[PDB]
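Engineer: File name my_file14.pdb; file contents PDB, C-alpha atoms; full text below.
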ATOM      1  CA  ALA A   1      -0.497 -14.364   5.263
ATOM      2  CA  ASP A   2      -3.632 -16.356   4.436
ATOM      3  CA  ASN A   3      -6.748 -15.249   6.334
ATOM      4  CA  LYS A   4      -6.572 -11.537   5.561
ATOM      5  CA  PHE A   5      -4.107 -11.245   2.715
ATOM      6  CA  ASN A   6      -3.723 -14.191   0.350
ATOM      7  CA  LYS A   7      -0.764 -13.316  -1.869
ATOM      8  CA  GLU A   8      -1.031 -10.331  -4.216
ATOM      9  CA  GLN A   9      -2.967  -8.491  -1.522
ATOM     10  CA  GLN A  10      -0.093  -8.952   0.914
ATOM     11  CA  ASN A  11       2.398  -8.077  -1.814
ATOM     12  CA  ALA A  12       0.584  -4.826  -2.581
ATOM     13  CA  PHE A  13       0.495  -4.166   1.154
ATOM     14  CA  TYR A  14       4.279  -4.514   1.371
ATOM     15  CA  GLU A  15       4.817  -2.511  -1.811
ATOM     16  CA  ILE A  16       2.793   0.399  -0.450
ATOM     17  CA  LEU A  17       4.427  -0.036   2.945
ATOM     18  CA  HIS A  18       7.840   0.163   1.295
ATOM     19  CA  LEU A  19       7.210   3.049  -1.094
ATOM     20  CA  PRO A  20      10.175   5.423  -0.602
ATOM     21  CA  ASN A  21       8.492   8.638  -1.731
ATOM     22  CA  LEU A  22       5.198   7.926  -0.025
ATOM     23  CA  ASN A  23       4.951   9.996   3.144
ATOM     24  CA  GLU A  24       3.594   8.727   6.472
ATOM     25  CA  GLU A  25       0.014   9.992   6.129
ATOM     26  CA  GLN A  26      -0.436   8.646   2.605
ATOM     27  CA  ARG A  27       1.220   5.290   3.217
ATOM     28  CA  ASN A  28      -0.628   4.747   6.488
ATOM     29  CA  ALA A  29      -3.896   5.709   4.805
ATOM     30  CA  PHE A  30      -3.404   3.277   1.924
ATOM     31  CA  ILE A  31      -2.231   0.576   4.325
ATOM     32  CA  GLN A  32      -5.264   1.183   6.528
ATOM     33  CA  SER A  33      -7.593   1.041   3.540
ATOM     34  CA  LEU A  34      -5.902  -2.146   2.324
ATOM     35  CA  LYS A  35      -6.091  -3.596   5.826
ATOM     36  CA  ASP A  36      -9.792  -2.776   5.719
ATOM     37  CA  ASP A  37     -10.279  -4.120   2.195
ATOM     38  CA  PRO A  38      -7.598  -6.409   0.706
ATOM     39  CA  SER A  39      -9.767  -6.843  -2.372
ATOM     40  CA  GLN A  40      -9.094  -3.346  -3.715
ATOM     41  CA  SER A  41      -5.413  -3.849  -2.928
ATOM     42  CA  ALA A  42      -4.530  -3.377  -6.593
ATOM     43  CA  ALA A  43      -6.465  -0.096  -6.828
ATOM     44  CA  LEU A  44      -4.836   1.158  -3.632
ATOM     45  CA  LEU A  45      -1.464  -0.047  -4.901
ATOM     46  CA  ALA A  46      -1.754   1.852  -8.172
ATOM     47  CA  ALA A  47      -3.073   4.923  -6.323
ATOM     48  CA  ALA A  48      -0.230   4.767  -3.786
ATOM     49  CA  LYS A  49       2.375   4.226  -6.487
ATOM     50  CA  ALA A  50       0.966   7.154  -8.476
ATOM     51  CA  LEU A  51       1.248   9.189  -5.274
ATOM     52  CA  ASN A  52       4.781   7.873  -4.721
ATOM     53  CA  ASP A  53       5.749   8.918  -8.243
ATOM     54  CA  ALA A  54       3.930  12.253  -7.882
ATOM     55  CA  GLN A  55       6.094  12.905  -4.829
ATOM     56  CA  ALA A  56       9.238  11.515  -6.438
ATOM     57  CA  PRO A  57      11.929  14.084  -5.500
ATOM     58  CA  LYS A  58      12.994  15.644  -8.782
TER      59      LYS A  58
END
Would it be possible to restate this file's structure as structure tokens?

Structural biologist:
Amino acid sequence: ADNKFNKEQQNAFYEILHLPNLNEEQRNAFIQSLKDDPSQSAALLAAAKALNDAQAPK
């Protein structure tokens, strides 16, 4: 990763990609949005994590 995702961007990408409670649609949407804009990777990460926690099976 270097041309699209530098470091934290790629990390956020993987984190979202590997969120256990994040369903296909959500994850793919966040991943697509991050693929489109790696700059707001942190925003998308927090959003996706919030979603992942929101859908945390309890």

Engineer: So, with only C-alpha atoms as the atoms that count, which of A:51, A:17, A:56, A:22 lies closest to residue 34 of chain A?

Structural biologist: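 Of all the options, A:17 lies closest to residue 34 of chain A.
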
Engineer: Name every residue that the PyMOL selection byres ((chain A and resi 39) around 12) selects in this structure, writing the answer as a list in words with chains first and numbers rising.

Structural biologist: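 Taken over the shown coordinates, the PyMOL selection byres ((chain A and resi 39) around 12) returns residues 4, 5, 6, 7, 8, 9, 10, 12, 13, 33, 34, 35, 36, 37, 38, 40, 41, 42, 43, 44 and 45 of chain A.
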
Engineer: For the file shown, report as a ChimeraX atom specification the outcome of the PyMOL selection byres ((chain A and resi 21) around 10) at residue level.

Structural biologist: /A:18-20,22-24,26-27,48-49,51-57

Engineer: Using the file's own x, y and z axes, so that the box edges lie along x, y and z, what centre and edge lengths in Å (one decimal) does a box around every listed atom of segment 22-26 of chain A get when 3 Å is added on each side? Give it as JSON.

Structural biologist:
{"center_x": 2.4, "center_y": 9.0, "center_z": 3.2, "size_x": 11.6, "size_y": 8.1, "size_z": 12.5}

Engineer: Taking only N, CA, C and O atoms, show segment 4-23 of chain A of the given structure as a compact mmCIF listing (two decimals), in the first residue's frame.

Structural biologist:
# COMPACT_ATOMS: atom_id res chain seq x y z
N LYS A 4 -2.56 4.43 -3.15
CA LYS A 4 -3.92 4.70 -2.74
C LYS A 4 -3.98 4.92 -1.24
O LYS A 4 -4.37 5.99 -0.76
N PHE A 5 -3.57 3.90 -0.51
CA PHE A 5 -3.59 3.94 0.94
C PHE A 5 -2.15 3.98 1.46
O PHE A 5 -1.35 3.12 1.13
N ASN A 6 -1.84 5.00 2.24
CA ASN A 6 -0.49 5.17 2.76
C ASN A 6 -0.22 4.21 3.92
O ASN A 6 0.56 3.27 3.79
N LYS A 7 -0.86 4.44 5.05
CA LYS A 7 -0.67 3.59 6.22
C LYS A 7 -1.95 3.48 7.04
O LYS A 7 -2.60 2.44 7.03
N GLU A 8 -2.32 4.57 7.71
CA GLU A 8 -3.51 4.57 8.55
C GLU A 8 -4.76 4.34 7.72
O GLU A 8 -5.71 3.71 8.16
N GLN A 9 -4.73 4.86 6.50
CA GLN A 9 -5.83 4.67 5.56
C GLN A 9 -6.04 3.18 5.29
O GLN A 9 -7.16 2.67 5.35
N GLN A 10 -4.94 2.49 5.02
CA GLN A 10 -4.98 1.06 4.74
C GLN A 10 -5.38 0.28 5.99
O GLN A 10 -6.12 -0.70 5.91
N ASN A 11 -4.88 0.74 7.13
CA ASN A 11 -5.22 0.14 8.41
C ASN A 11 -6.71 0.23 8.68
O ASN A 11 -7.34 -0.76 9.02
N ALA A 12 -7.27 1.43 8.50
CA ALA A 12 -8.70 1.64 8.68
C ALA A 12 -9.49 0.76 7.72
O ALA A 12 -10.51 0.18 8.09
N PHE A 13 -8.99 0.65 6.50
CA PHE A 13 -9.58 -0.21 5.48
C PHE A 13 -9.67 -1.65 5.99
O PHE A 13 -10.73 -2.27 5.92
N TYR A 14 -8.57 -2.16 6.52
CA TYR A 14 -8.54 -3.53 7.04
C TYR A 14 -9.43 -3.67 8.27
O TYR A 14 -10.12 -4.67 8.42
N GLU A 15 -9.42 -2.67 9.13
CA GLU A 15 -10.22 -2.69 10.34
C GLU A 15 -11.70 -2.81 10.00
O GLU A 15 -12.41 -3.65 10.55
N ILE A 16 -12.16 -1.97 9.07
CA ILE A 16 -13.53 -2.01 8.61
C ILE A 16 -13.82 -3.35 7.93
O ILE A 16 -14.85 -3.98 8.17
N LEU A 17 -12.88 -3.77 7.10
CA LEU A 17 -13.00 -5.03 6.38
C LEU A 17 -13.12 -6.21 7.34
O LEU A 17 -13.78 -7.20 7.04
N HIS A 18 -12.48 -6.09 8.49
CA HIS A 18 -12.46 -7.18 9.46
C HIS A 18 -13.27 -6.85 10.71
O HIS A 18 -12.93 -7.29 11.81
N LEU A 19 -14.34 -6.08 10.55
CA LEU A 19 -15.27 -5.86 11.64
C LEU A 19 -16.28 -7.00 11.70
O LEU A 19 -17.01 -7.24 10.74
N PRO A 20 -16.32 -7.72 12.83
CA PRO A 20 -17.07 -8.97 12.95
C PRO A 20 -18.59 -8.78 12.94
O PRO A 20 -19.33 -9.65 12.48
N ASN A 21 -19.05 -7.64 13.43
CA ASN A 21 -20.48 -7.40 13.59
C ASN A 21 -21.02 -6.57 12.44
O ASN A 21 -22.22 -6.33 12.34
N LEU A 22 -20.12 -6.13 11.58
CA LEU A 22 -20.49 -5.31 10.45
C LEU A 22 -20.92 -6.19 9.28
O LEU A 22 -20.13 -6.96 8.75
N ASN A 23 -22.18 -6.08 8.91
CA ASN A 23 -22.75 -6.93 7.87
C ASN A 23 -22.26 -6.52 6.49
O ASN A 23 -21.68 -5.44 6.32
